[PDB]
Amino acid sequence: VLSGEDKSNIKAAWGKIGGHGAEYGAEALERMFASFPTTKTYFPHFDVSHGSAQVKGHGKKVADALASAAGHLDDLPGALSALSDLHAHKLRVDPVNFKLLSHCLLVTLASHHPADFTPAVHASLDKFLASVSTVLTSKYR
């Protein structure tokens, strides 16, 4: 869908996040590894332990890509088409991990920001993580 409310909540809650998005992107990644130890396969160069500078470093990127993306809500392909190629062709990521990542990505915002994390936003968000996950999943099908 991606209608009015979505944009409101999608943009309106990605601010409550402010400069925290990257520690959040860090926290989400780290969550994945504990709950899904397979997600660790795509990251064997990284030092995967809790406070790691790579995960932190990488969290900042997965913050930015999204923060940018959460902006250009009207063209979600093209802001993310820097990243389709990489995940889809150059990384041969498995489509299933975006389900995994975006879940972790949310749990974190729920935990760090309950008052905001209302079903409606929660709902506008998953509708949007899926949109990203969608585009990334684009380039091999």
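Just count from 1 along the sequence shown to find any residue number.
Could you check the entry and say whether 71-79 or 49-57 has the higher mean CA B-factor?
Stretch with the higher mean C-alpha B-factor: 71-79.
Once you work out the mean C-alpha B-factor for both 23-31 and 82-90 from the entry, which is higher?
The recorded data point to 82-90.
Test of reading the entry: by CA B factor among the chain's modelled residues, which third contains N9?
Within its chain, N9 is a highest-third residue by C-alpha B-factor, going by the deposited values.
By the recorded C-alpha temperature factor, relative to the other modelled residues in its chain, which third is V132 in?
Middle third.
In terms of the CA temperature factor given in the entry, to which third of its chain does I17 belong: lowest, middle or highest?
Tercile = highest for this residue's CA B-factor.
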